[PDB]
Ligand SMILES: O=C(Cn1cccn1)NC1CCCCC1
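Single chain ahead, written as structure tokens, the form deposited without this ligand.
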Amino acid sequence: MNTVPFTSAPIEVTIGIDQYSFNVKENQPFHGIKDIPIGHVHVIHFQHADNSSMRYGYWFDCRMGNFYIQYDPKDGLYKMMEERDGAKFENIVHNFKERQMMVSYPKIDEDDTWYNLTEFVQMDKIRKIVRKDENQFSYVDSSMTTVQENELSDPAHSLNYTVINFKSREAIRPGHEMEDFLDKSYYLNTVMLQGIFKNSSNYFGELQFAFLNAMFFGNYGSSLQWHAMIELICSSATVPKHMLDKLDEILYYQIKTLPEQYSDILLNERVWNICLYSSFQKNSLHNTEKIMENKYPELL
């Protein structure tokens, strides 16, 4: 189990750690989060009490370094930093645990939710989407736009998701215009899976990461990316059986976890109705269709 200590909490803030969250009052004696499960990526995120505008946060993996949070009063936000002095870090964490000034990552033992949401998400791939090479962790916020959004404006602060565009020369082979537009298998299997992602695990990892950025930061370009990657699979007549079964599990846990009050803005009626009821894969997503119909029958 690993720890992310905080130097202090000078401003009132709601702090999230993965799917959990808790309120910290201005100058409350809070010094971080302990017992974080090893083996998964994690995200620690913030919403200031004064300005609920801008949710922001950091993706990280405790196996890649000792990380801590420190408020910056010039830039006005909680910043993740790496501590290179290992002895200094262990000494700090040990003292904070002794004084019991840390919250415990509150995982229930039955609960595989976080694993199920991050199964294919790797920190190495996160850092290729979020380019900031001098850090081992990655910053995301509500306002960051994607590379495809910038084509339709600061390149350094963008989300470099894989561009998917159904009406593009990449998606459409000359002389197969109708075939490739109505059945996207070529684009899924040859262009994207064989050509760009190399395997389905990397594809699912990007999909899972796009969902999580949409849910935790309200990042619109991330929501667009999540829906596009779902639609590309659902609009392909030829998809490996293992990929469909895994997609059903992935989406099931995403829909299960999504906040009920956010479904109106985070779920695209057209994509979901197409995928569940009109697409080639309309009969292949049993778990997802069942939870969607019982939880969001309005959307459909």
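Throughout, rigid core stands for the largest set of C-alpha atoms superposing within 1.5 Å between the two forms. So that there is no doubt, residue numbering starts at 1 and follows the sequence shown.
Superposing each structure in 9 other deposited structures of this protein on the rigid core shows that the farther-lying of 78 to 86 and 93 to 101, by root-mean-square Cα distance, is 93 to 101. Take 103 to 111 and 158 to 166, fit the other structures onto the shown form by the rigid core, and average the C-alpha distances in 9 other deposited structures of this protein: the farther stretch is 103 to 111. Coordinates are absent for 4 to 9 residues of the deposited sequence placed between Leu152 and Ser153.
Higher mean CA temperature factor between 174 to 182 and 214 to 222: 174 to 182, per the PDB entry. Two stretches are in play, 125 to 133 and 226 to 234, and the higher mean C-alpha B-factor belongs to 125 to 133.
Across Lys79, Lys107, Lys167, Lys74, the greatest Cα temperature factor reported in the deposited entry is at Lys107. When the C-alpha B-factors of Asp141, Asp112, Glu98, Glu119 are read from the PDB record, the largest value belongs to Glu98. In the PDB entry, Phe30 places in the highest third of its chain by CA B-factor.
Placement of the Cα temperature factor of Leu267 within the chain: middle third of the modelled residues, per the deposited record. Ranked by C-alpha B-factor against the other modelled residues of its chain, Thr162 falls in the middle third. When the modelled residues of the chain are ordered by C-alpha B-factor, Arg55 sits in the middle third. Per-chain ranking of the deposited C-alpha B factor places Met192 in the middle third.
Unshown form solved in complex with this ligand; subsequent notes refer to it.
Proximity of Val191 to this ligand in the deposited complex falls outside the 4.5 Å heavy atom cutoff.
Within this chain, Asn2 is remote from the site of this ligand in the deposited complex, having no heavy atom within 4.5 Å. Put simply, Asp183 is far from this ligand in the deposited complex: not one heavy atom of it is within 4.5 Å. No residue of the trio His40, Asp61 and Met64 has any heavy atom within 4.5 Å of this ligand in the deposited complex. In the deposited complex, no residue of 196 to 215 lies within 4.5 Å of this ligand by any heavy atom.
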